[PDB]
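Okay, final-v1.pdb now, which holds PDB, C-alpha atoms (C1' of nucleotides):
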```pdb
ATOM      1  CA  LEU A 101       6.206   6.331 -61.932  1.00  0.00           C
ATOM      2  CA  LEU A 102       4.291   7.830 -64.872  1.00  0.00           C
ATOM      3  CA  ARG A 103       5.483   5.212 -67.367  1.00  0.00           C
ATOM      4  CA  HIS A 104       5.592   2.383 -64.806  1.00  0.00           C
ATOM      5  CA  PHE A 105       2.451   2.119 -62.666  1.00  0.00           C
ATOM      6  CA  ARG A 106       2.706  -1.473 -61.374  1.00  0.00           C
ATOM      7  CA  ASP A 107       5.905  -0.730 -59.396  1.00  0.00           C
ATOM      8  CA  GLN A 108       4.330  -0.373 -55.955  1.00  0.00           C
ATOM      9  CA  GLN A 109       7.605  -1.059 -54.116  1.00  0.00           C
ATOM     10  CA  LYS A 110       9.095   2.321 -55.080  1.00  0.00           C
ATOM     11  CA  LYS A 111       6.041   4.215 -53.791  1.00  0.00           C
ATOM     12  CA  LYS A 112       7.389   4.001 -50.228  1.00  0.00           C
ATOM     13  CA  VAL A 113      10.871   5.127 -51.308  1.00  0.00           C
ATOM     14  CA  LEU A 114       9.547   8.405 -52.732  1.00  0.00           C
ATOM     15  CA  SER A 115       8.040   9.395 -49.375  1.00  0.00           C
ATOM     16  CA  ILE A 116      11.400   8.943 -47.629  1.00  0.00           C
ATOM     17  CA  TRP A 117      13.148  11.390 -49.967  1.00  0.00           C
ATOM     18  CA  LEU A 118      10.319  13.932 -49.732  1.00  0.00           C
ATOM     19  CA  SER A 119      10.484  13.957 -45.927  1.00  0.00           C
ATOM     20  CA  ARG A 120      14.296  13.975 -45.922  1.00  0.00           C
ATOM     21  CA  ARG A 121      14.428  17.122 -48.064  1.00  0.00           C
ATOM     22  CA  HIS A 122      11.986  18.867 -45.713  1.00  0.00           C
ATOM     23  CA  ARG A 123      14.331  18.417 -42.744  1.00  0.00           C
ATOM     24  CA  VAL A 124      17.216  19.909 -44.742  1.00  0.00           C
ATOM     25  CA  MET A 125      15.376  23.216 -45.165  1.00  0.00           C
ATOM     26  CA  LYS A 126      14.717  23.462 -41.418  1.00  0.00           C
ATOM     27  CA  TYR A 127      18.414  23.119 -40.552  1.00  0.00           C
ATOM     28  CA  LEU A 128      19.598  25.514 -43.271  1.00  0.00           C
ATOM     29  CA  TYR A 129      17.063  28.178 -42.250  1.00  0.00           C
ATOM     30  CA  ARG A 130      18.542  28.695 -38.768  1.00  0.00           C
ATOM     31  CA  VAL A 131      22.219  28.623 -39.782  1.00  0.00           C
ATOM     32  CA  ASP A 132      21.936  30.926 -42.826  1.00  0.00           C
ATOM     33  CA  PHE A 133      18.858  33.001 -43.658  1.00  0.00           C
ATOM     34  CA  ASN A 134      20.208  35.037 -46.586  1.00  0.00           C
ATOM     35  CA  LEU A 135      21.437  31.944 -48.440  1.00  0.00           C
ATOM     36  CA  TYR A 136      18.138  30.119 -47.881  1.00  0.00           C
ATOM     37  CA  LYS A 137      16.276  32.757 -49.908  1.00  0.00           C
ATOM     38  CA  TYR A 138      18.793  32.857 -52.774  1.00  0.00           C
ATOM     39  CA  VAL A 139      18.681  29.105 -53.440  1.00  0.00           C
ATOM     40  CA  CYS A 140      14.872  29.108 -53.664  1.00  0.00           C
ATOM     41  CA  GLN A 141      14.790  31.791 -56.369  1.00  0.00           C
ATOM     42  CA  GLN A 142      17.208  29.949 -58.667  1.00  0.00           C
ATOM     43  CA  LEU A 143      15.330  26.645 -58.326  1.00  0.00           C
ATOM     44  CA  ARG A 144      11.895  28.346 -58.184  1.00  0.00           C
ATOM     45  CA  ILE A 145      11.029  26.548 -54.935  1.00  0.00           C
ATOM     46  CA  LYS A 146       8.347  27.890 -52.603  1.00  0.00           C
ATOM     47  CA  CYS A 147      10.317  29.415 -49.732  1.00  0.00           C
ATOM     48  CA  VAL A 148       8.894  28.625 -46.289  1.00  0.00           C
ATOM     49  CA  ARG A 149      10.126  29.957 -42.947  1.00  0.00           C
ATOM     50  CA  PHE A 150      10.319  27.932 -39.727  1.00  0.00           C
ATOM     51  CA  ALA A 151       9.768  30.389 -36.868  1.00  0.00           C
ATOM     52  CA  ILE A 152       6.797  28.858 -35.004  1.00  0.00           C
ATOM     53  CA  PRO A 153       5.660  25.246 -34.450  1.00  0.00           C
ATOM     54  CA  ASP A 154       3.236  23.888 -37.023  1.00  0.00           C
ATOM     55  CA  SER A 155      -0.358  23.388 -35.918  1.00  0.00           C
ATOM     56  CA  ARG A 156      -2.019  19.974 -35.825  1.00  0.00           C
ATOM     57  CA  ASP A 157      -4.830  21.043 -38.169  1.00  0.00           C
ATOM     58  CA  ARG A 158      -4.374  19.569 -41.643  1.00  0.00           C
ATOM     59  CA  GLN A 159      -6.195  22.502 -43.274  1.00  0.00           C
ATOM     60  CA  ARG A 160      -3.308  24.812 -42.290  1.00  0.00           C
ATOM     61  CA  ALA A 161      -0.320  22.484 -41.779  1.00  0.00           C
ATOM     62  CA  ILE A 162       2.673  22.108 -44.080  1.00  0.00           C
ATOM     63  CA  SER A 163       2.663  19.748 -47.060  1.00  0.00           C
ATOM     64  CA  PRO A 164       5.988  18.320 -48.333  1.00  0.00           C
ATOM     65  CA  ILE A 165       4.285  17.063 -51.510  1.00  0.00           C
ATOM     66  CA  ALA A 166       3.388  20.585 -52.699  1.00  0.00           C
ATOM     67  CA  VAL A 167       6.836  22.081 -52.035  1.00  0.00           C
ATOM     68  CA  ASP A 168       7.475  22.580 -55.769  1.00  0.00           C
ATOM     69  CA  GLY A 169       4.187  24.308 -56.493  1.00  0.00           C
ATOM     70  CA  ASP A 170       5.701  26.488 -59.215  1.00  0.00           C
ATOM     71  CA  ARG A 171       7.023  23.491 -61.175  1.00  0.00           C
ATOM     72  CA  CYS A 172       3.975  21.264 -60.525  1.00  0.00           C
ATOM     73  CA  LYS A 173       0.450  22.633 -60.985  1.00  0.00           C
ATOM     74  CA  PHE A 174      -1.510  19.389 -60.409  1.00  0.00           C
ATOM     75  CA  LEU A 175      -0.262  18.440 -56.922  1.00  0.00           C
ATOM     76  CA  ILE A 176      -1.185  21.523 -54.877  1.00  0.00           C
ATOM     77  CA  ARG A 177      -4.416  20.655 -53.054  1.00  0.00           C
ATOM     78  CA  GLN A 178      -7.782  18.921 -53.415  1.00  0.00           C
ATOM     79  CA  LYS A 179     -11.200  18.624 -51.759  1.00  0.00           C
TER
ATOM     80  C1'   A B   1     -25.524 -16.263  39.266  1.00  0.00           C
ATOM     81  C1'   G B   2     -25.349  -8.721  42.265  1.00  0.00           C
ATOM     82  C1'   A B   3     -27.271 -10.140  34.952  1.00  0.00           C
ATOM     83  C1'   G B   4     -28.455 -10.870  30.024  1.00  0.00           C
ATOM     84  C1'   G B   5     -27.307 -11.748  24.325  1.00  0.00           C
ATOM     85  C1'   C B   6     -23.795 -14.940  21.422  1.00  0.00           C
ATOM     86  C1'   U B   7     -20.170 -19.494  20.028  1.00  0.00           C
ATOM     87  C1'   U B   8     -20.169 -25.133  21.487  1.00  0.00           C
ATOM     88  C1'   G B   9     -17.009 -29.500  13.406  1.00  0.00           C
ATOM     89  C1'   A B  10     -11.970 -27.792  11.245  1.00  0.00           C
ATOM     90  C1'   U B  11      -9.435 -22.903  10.013  1.00  0.00           C
ATOM     91  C1'   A B  12      -7.966 -17.304  12.422  1.00  0.00           C
ATOM     92  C1'   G B  13      -2.259 -15.504  17.054  1.00  0.00           C
ATOM     93  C1'   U B  14      -6.447 -13.246  19.601  1.00  0.00           C
ATOM     94  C1'   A B  15      -3.067  -5.156  19.433  1.00  0.00           C
ATOM     95  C1'   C B  16      -0.139  -1.496  19.200  1.00  0.00           C
ATOM     96  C1'   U B  17       1.467   5.305  23.214  1.00  0.00           C
ATOM     97  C1'   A B  18       4.316   4.291  30.081  1.00  0.00           C
ATOM     98  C1'   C B  19       6.944  -0.454  31.644  1.00  0.00           C
ATOM     99  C1'   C B  20       9.722  -4.081  27.661  1.00  0.00           C
ATOM    100  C1'   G B  21      12.661 -11.403  31.979  1.00  0.00           C
ATOM    101  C1'   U B  22      14.646  -7.057  37.197  1.00  0.00           C
ATOM    102  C1'   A B  23       8.365 -10.287  39.177  1.00  0.00           C
ATOM    103  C1'   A B  24       2.975 -13.305  43.916  1.00  0.00           C
ATOM    104  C1'   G B  25      -5.273 -13.635  44.174  1.00  0.00           C
ATOM    105  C1'   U B  26       2.942 -17.549  45.459  1.00  0.00           C
ATOM    106  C1'   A B  27       0.794 -22.130  49.106  1.00  0.00           C
ATOM    107  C1'   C B  28      -3.822 -24.785  51.900  1.00  0.00           C
ATOM    108  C1'   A B  29      -8.990 -24.774  51.162  1.00  0.00           C
ATOM    109  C1'   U B  30      -9.463 -26.796  45.468  1.00  0.00           C
ATOM    110  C1'   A B  31     -10.298 -29.629  41.330  1.00  0.00           C
ATOM    111  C1'   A B  32     -13.403 -31.200  36.960  1.00  0.00           C
ATOM    112  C1'   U B  33     -15.339 -31.662  31.628  1.00  0.00           C
ATOM    113  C1'   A B  34     -19.134 -32.071  26.493  1.00  0.00           C
ATOM    114  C1'   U B  35     -15.508 -35.836  19.953  1.00  0.00           C
ATOM    115  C1'   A B  36     -20.951 -39.060  27.720  1.00  0.00           C
ATOM    116  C1'   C B  37     -25.930 -39.164  26.320  1.00  0.00           C
ATOM    117  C1'   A B  38     -31.470 -38.165  24.210  1.00  0.00           C
ATOM    118  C1'   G B  39     -35.116 -37.456  19.042  1.00  0.00           C
ATOM    119  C1'   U B  40     -35.564 -37.739  12.975  1.00  0.00           C
ATOM    120  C1'   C B  41     -32.946 -40.818   9.151  1.00  0.00           C
ATOM    121  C1'   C B  42     -31.549 -37.825   1.341  1.00  0.00           C
ATOM    122  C1'   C B  43     -36.850 -36.558   4.857  1.00  0.00           C
ATOM    123  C1'   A B  44     -37.282 -32.343   8.391  1.00  0.00           C
ATOM    124  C1'   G B  45     -32.340 -28.671   8.392  1.00  0.00           C
ATOM    125  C1'   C B  46     -27.672 -25.926   9.266  1.00  0.00           C
ATOM    126  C1'   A B  47     -23.750 -23.183   7.089  1.00  0.00           C
ATOM    127  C1'   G B  48     -18.625 -19.257   5.492  1.00  0.00           C
ATOM    128  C1'   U B  49     -15.509 -20.505  -1.009  1.00  0.00           C
ATOM    129  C1'   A B  50     -14.712 -25.600   0.347  1.00  0.00           C
ATOM    130  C1'   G B  51     -19.611 -28.775   3.178  1.00  0.00           C
ATOM    131  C1'   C B  52     -22.641 -32.318   6.872  1.00  0.00           C
ATOM    132  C1'   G B  53     -27.424 -35.455   7.150  1.00  0.00           C
ATOM    133  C1'   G B  54     -28.791 -43.527   4.436  1.00  0.00           C
ATOM    134  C1'   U B  55     -25.262 -48.320   8.448  1.00  0.00           C
ATOM    135  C1'   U B  56     -26.412 -42.695  13.731  1.00  0.00           C
ATOM    136  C1'   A B  57     -20.885 -38.639  12.538  1.00  0.00           C
ATOM    137  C1'   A B  58     -18.603 -33.503  18.561  1.00  0.00           C
ATOM    138  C1'   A B  59     -21.947 -30.292  11.775  1.00  0.00           C
ATOM    139  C1'   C B  60     -29.958 -30.837  12.420  1.00  0.00           C
ATOM    140  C1'   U B  61     -33.670 -30.180  17.572  1.00  0.00           C
ATOM    141  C1'   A B  62     -32.904 -30.282  22.924  1.00  0.00           C
ATOM    142  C1'   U B  63     -29.067 -27.933  28.888  1.00  0.00           C
ATOM    143  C1'   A B  64     -33.887 -30.674  35.563  1.00  0.00           C
ATOM    144  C1'   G B  65     -28.085 -32.751  28.823  1.00  0.00           C
ATOM    145  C1'   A B  66     -25.053 -31.126  35.622  1.00  0.00           C
ATOM    146  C1'   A B  67     -24.165 -25.447  40.362  1.00  0.00           C
ATOM    147  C1'   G B  68     -22.339 -25.473  30.759  1.00  0.00           C
ATOM    148  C1'   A B  69     -16.760 -26.031  29.026  1.00  0.00           C
ATOM    149  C1'   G B  70     -15.607 -20.461  26.610  1.00  0.00           C
ATOM    150  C1'   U B  71     -15.478 -14.549  25.014  1.00  0.00           C
ATOM    151  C1'   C B  72     -18.175  -9.699  26.279  1.00  0.00           C
ATOM    152  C1'   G B  73     -21.200  -7.294  29.897  1.00  0.00           C
ATOM    153  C1'   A B  74     -25.671  -3.379  31.920  1.00  0.00           C
ATOM    154  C1'   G B  75     -25.629  -4.331  26.856  1.00  0.00           C
ATOM    155  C1'   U B  76     -25.173  -7.940  23.044  1.00  0.00           C
ATOM    156  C1'   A B  77     -25.958  -9.337  17.999  1.00  0.00           C
ATOM    157  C1'   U B  78     -27.840  -9.115  12.451  1.00  0.00           C
ATOM    158  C1'   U B  79     -28.078  -6.147   8.141  1.00  0.00           C
ATOM    159  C1'   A B  80     -26.472  -1.913   5.676  1.00  0.00           C
ATOM    160  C1'   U B  81     -22.827   2.227   4.392  1.00  0.00           C
ATOM    161  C1'   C B  82     -16.791   3.939   2.522  1.00  0.00           C
ATOM    162  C1'   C B  83     -10.511   4.997  -0.574  1.00  0.00           C
ATOM    163  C1'   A B  84     -14.063  -2.319   1.875  1.00  0.00           C
ATOM    164  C1'   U B  85      -7.473  -4.853   5.924  1.00  0.00           C
ATOM    165  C1'   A B  86      -0.891  -6.148   0.134  1.00  0.00           C
ATOM    166  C1'   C B  87      -8.119  -9.223  -3.529  1.00  0.00           C
ATOM    167  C1'   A B  88      -1.998  -3.112  -3.268  1.00  0.00           C
ATOM    168  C1'   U B  89      -6.776   1.501  -6.553  1.00  0.00           C
ATOM    169  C1'   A B  90      -0.336  -0.589  -8.907  1.00  0.00           C
ATOM    170  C1'   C B  91       5.107   6.706  -8.625  1.00  0.00           C
ATOM    171  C1'   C B  92       6.451   4.090  -3.341  1.00  0.00           C
ATOM    172  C1'   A B  93       3.805  -0.775  -5.020  1.00  0.00           C
ATOM    173  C1'   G B  94       1.231  -5.402 -10.619  1.00  0.00           C
ATOM    174  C1'   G B  95       1.803  -6.872 -16.751  1.00  0.00           C
ATOM    175  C1'   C B  96       2.478  -7.662 -22.444  1.00  0.00           C
ATOM    176  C1'   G B  97       6.458 -16.525 -24.589  1.00  0.00           C
ATOM    177  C1'   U B  98       3.035 -20.788 -23.756  1.00  0.00           C
ATOM    178  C1'   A B  99      -1.707 -18.490 -19.709  1.00  0.00           C
ATOM    179  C1'   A B 100      -6.474 -11.984 -20.032  1.00  0.00           C
ATOM    180  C1'   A B 101      -2.275  -8.015 -22.682  1.00  0.00           C
ATOM    181  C1'   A B 102       2.441  -5.127 -28.334  1.00  0.00           C
ATOM    182  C1'   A B 103      -1.042  -1.751 -33.862  1.00  0.00           C
ATOM    183  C1'   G B 104       0.499  -6.100 -40.819  1.00  0.00           C
ATOM    184  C1'   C B 105       4.636  -3.574 -42.680  1.00  0.00           C
ATOM    185  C1'   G B 106       6.787   2.234 -43.283  1.00  0.00           C
ATOM    186  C1'   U B 107       7.971   8.188 -44.150  1.00  0.00           C
ATOM    187  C1'   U B 108       5.669  12.755 -41.644  1.00  0.00           C
ATOM    188  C1'   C B 109       2.521  17.163 -37.355  1.00  0.00           C
ATOM    189  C1'   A B 110       2.472  18.365 -31.827  1.00  0.00           C
ATOM    190  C1'   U B 111       4.618  16.787 -26.996  1.00  0.00           C
ATOM    191  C1'   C B 112       8.669  14.074 -24.380  1.00  0.00           C
ATOM    192  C1'   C B 113      13.652  12.350 -24.646  1.00  0.00           C
ATOM    193  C1'   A B 114      19.405  13.155 -26.358  1.00  0.00           C
ATOM    194  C1'   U B 115      26.209  14.172 -25.788  1.00  0.00           C
TER
END
```
Go through the file and emit its structure as structure tokens.
Amino acid sequence: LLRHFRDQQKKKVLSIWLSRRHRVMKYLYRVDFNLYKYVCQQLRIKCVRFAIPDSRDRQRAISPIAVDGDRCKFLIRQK
RNA sequence: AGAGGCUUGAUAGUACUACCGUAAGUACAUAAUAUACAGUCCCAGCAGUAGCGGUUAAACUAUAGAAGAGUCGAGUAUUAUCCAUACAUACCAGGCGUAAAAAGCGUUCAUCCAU
């Protein structure tokens, strides 16, 4: 997407993968907790636990875009 | 008529707790009618969504118009009020083709649903 900016059709495809990966973490967290922490350290992915339902407020809800905060420093938050 | 207020053009099934065809104010006296008739004639009026009134229609006024043809009755009737009678106030018990009603196409939060 950086080199090609007129390809608006693939913009919708990226969202599908981002949401799909989020659901994977939820399932793996309940079946194996020790393994969930080990995989995050190797890939340097922000580990997040799923123990309570997420609130409806956007100022404190989860954000699948900023999952890889360590690897990406320009897609964390804004005003 | 021991006694008054309504209707007198069509339309309305006119209430239901016992009895549920298992019986007479049954017959004589004791049988009749009002879509007969009178006044005005798009003028005066009545009425209920629909309407009538010009040449005379049971639709307007009038019952010494005949001991009024009817329903109530010591009351009757108009307006007003509510969850306004299945105009279903819609779980029981209405919809989303043409008729009033499905967001331009899609991934996500919460809730609900699933084997």
Please evaluate the PyMOL selection byres ((chain A) within 12 of (chain B)) against the displayed coordinates and give the resulting residues as a PDB file with C-alpha atoms, in the coordinates of the input.
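Everything below was put into selection_26.pdb:
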```pdb
ATOM      1  CA  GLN A 109       7.605  -1.059 -54.116  1.00  0.00           C
ATOM      2  CA  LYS A 111       6.041   4.215 -53.791  1.00  0.00           C
ATOM      3  CA  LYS A 112       7.389   4.001 -50.228  1.00  0.00           C
ATOM      4  CA  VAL A 113      10.871   5.127 -51.308  1.00  0.00           C
ATOM      5  CA  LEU A 114       9.547   8.405 -52.732  1.00  0.00           C
ATOM      6  CA  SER A 115       8.040   9.395 -49.375  1.00  0.00           C
ATOM      7  CA  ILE A 116      11.400   8.943 -47.629  1.00  0.00           C
ATOM      8  CA  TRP A 117      13.148  11.390 -49.967  1.00  0.00           C
ATOM      9  CA  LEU A 118      10.319  13.932 -49.732  1.00  0.00           C
ATOM     10  CA  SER A 119      10.484  13.957 -45.927  1.00  0.00           C
ATOM     11  CA  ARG A 120      14.296  13.975 -45.922  1.00  0.00           C
ATOM     12  CA  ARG A 121      14.428  17.122 -48.064  1.00  0.00           C
ATOM     13  CA  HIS A 122      11.986  18.867 -45.713  1.00  0.00           C
ATOM     14  CA  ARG A 123      14.331  18.417 -42.744  1.00  0.00           C
ATOM     15  CA  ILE A 152       6.797  28.858 -35.004  1.00  0.00           C
ATOM     16  CA  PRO A 153       5.660  25.246 -34.450  1.00  0.00           C
ATOM     17  CA  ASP A 154       3.236  23.888 -37.023  1.00  0.00           C
ATOM     18  CA  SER A 155      -0.358  23.388 -35.918  1.00  0.00           C
ATOM     19  CA  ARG A 156      -2.019  19.974 -35.825  1.00  0.00           C
ATOM     20  CA  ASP A 157      -4.830  21.043 -38.169  1.00  0.00           C
ATOM     21  CA  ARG A 158      -4.374  19.569 -41.643  1.00  0.00           C
ATOM     22  CA  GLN A 159      -6.195  22.502 -43.274  1.00  0.00           C
ATOM     23  CA  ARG A 160      -3.308  24.812 -42.290  1.00  0.00           C
ATOM     24  CA  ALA A 161      -0.320  22.484 -41.779  1.00  0.00           C
ATOM     25  CA  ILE A 162       2.673  22.108 -44.080  1.00  0.00           C
ATOM     26  CA  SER A 163       2.663  19.748 -47.060  1.00  0.00           C
ATOM     27  CA  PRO A 164       5.988  18.320 -48.333  1.00  0.00           C
ATOM     28  CA  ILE A 165       4.285  17.063 -51.510  1.00  0.00           C
TER      29      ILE A 165
END
```
**Request:** Write out as number ranges by chain which residues come within 8 Å of segment 127-138 of chain A when counting all atoms listed in the file, dropping same-chain ones fewer than 2 positions away.
**Result:** A: 123-125, 140-142, 147, 149-150
Take the residues that were just selected and, keeping C-alpha atoms, output them as a PDB file, in the coordinates of the input.
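Wrote selection37.pdb, looks like this:
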```pdb
ATOM      1  CA  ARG A 123      14.331  18.417 -42.744  1.00  0.00           C
ATOM      2  CA  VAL A 124      17.216  19.909 -44.742  1.00  0.00           C
ATOM      3  CA  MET A 125      15.376  23.216 -45.165  1.00  0.00           C
ATOM      4  CA  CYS A 140      14.872  29.108 -53.664  1.00  0.00           C
ATOM      5  CA  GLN A 141      14.790  31.791 -56.369  1.00  0.00           C
ATOM      6  CA  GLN A 142      17.208  29.949 -58.667  1.00  0.00           C
ATOM      7  CA  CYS A 147      10.317  29.415 -49.732  1.00  0.00           C
ATOM      8  CA  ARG A 149      10.126  29.957 -42.947  1.00  0.00           C
ATOM      9  CA  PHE A 150      10.319  27.932 -39.727  1.00  0.00           C
TER      10      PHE A 150
END
```
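Contact shell of residue 169 of chain A at 10 Å (all atoms listed in the file; same-chain neighbours under 6 positions omitted): residues 144, 145, 146, 175, 176 and 177 of chain A.
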Extending 5 Å beyond the listed atoms of segment 162-175 of chain A on each side, what axis-aligned box results? I want centre and edge lengths in Å to one decimal, as lines of an AutoDock Vina configuration file.
```
center_x = 3.0
center_y = 21.8
center_z = -52.6
size_x = 19.0
size_y = 19.4
size_z = 27.1
```
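Proximity of B:1, B:84, B:57, B:47 to residue 35 of chain B, computed with only C-alpha atoms (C1' of nucleotides), is greatest for B:57.
Counting from atom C1' of residue 54 of chain B, the distance to atom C1' of residue 40 of chain B is 12.3 Å.
For the pair atom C1' of residue 88 of chain B and atom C1' of residue 16 of chain B, the interatomic distance is 22.6 Å.
Between atom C1' of residue 52 of chain B and atom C1' of residue 37 of chain B lies a distance of 20.9 Å.
For the choices B:74, B:90, B:10, B:103, the atom-to-atom distance to residue 50 of chain B is smallest for B:10 when using all atoms listed in the file.
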Test item: the PyMOL selection byres ((chain B and resi 36) around 12) resolved as a PDB file with C-alpha atoms (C1' of nucleotides), keeping the file's coordinate frame:
```pdb
ATOM      1  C1'   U B  33     -15.339 -31.662  31.628  1.00  0.00           C
ATOM      2  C1'   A B  34     -19.134 -32.071  26.493  1.00  0.00           C
ATOM      3  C1'   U B  35     -15.508 -35.836  19.953  1.00  0.00           C
ATOM      4  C1'   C B  37     -25.930 -39.164  26.320  1.00  0.00           C
ATOM      5  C1'   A B  38     -31.470 -38.165  24.210  1.00  0.00           C
ATOM      6  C1'   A B  58     -18.603 -33.503  18.561  1.00  0.00           C
ATOM      7  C1'   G B  65     -28.085 -32.751  28.823  1.00  0.00           C
ATOM      8  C1'   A B  66     -25.053 -31.126  35.622  1.00  0.00           C
TER       9        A B  66
END
```
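Counting all atoms listed in the file and comparing A:103, A:171, A:139, A:126, the residue that lies closest to residue 151 of chain A is A:126.
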Would you kindly translate the PyMOL selection byres ((chain B and resi 46) around 8) into the concrete residues it picks from this file, as a PDB file with C-alpha atoms (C1' of nucleotides), in the frame of the given file?
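Just written: expr30.pdb:
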```pdb
ATOM      1  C1'   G B  45     -32.340 -28.671   8.392  1.00  0.00           C
ATOM      2  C1'   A B  47     -23.750 -23.183   7.089  1.00  0.00           C
ATOM      3  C1'   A B  59     -21.947 -30.292  11.775  1.00  0.00           C
ATOM      4  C1'   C B  60     -29.958 -30.837  12.420  1.00  0.00           C
TER       5        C B  60
END
```
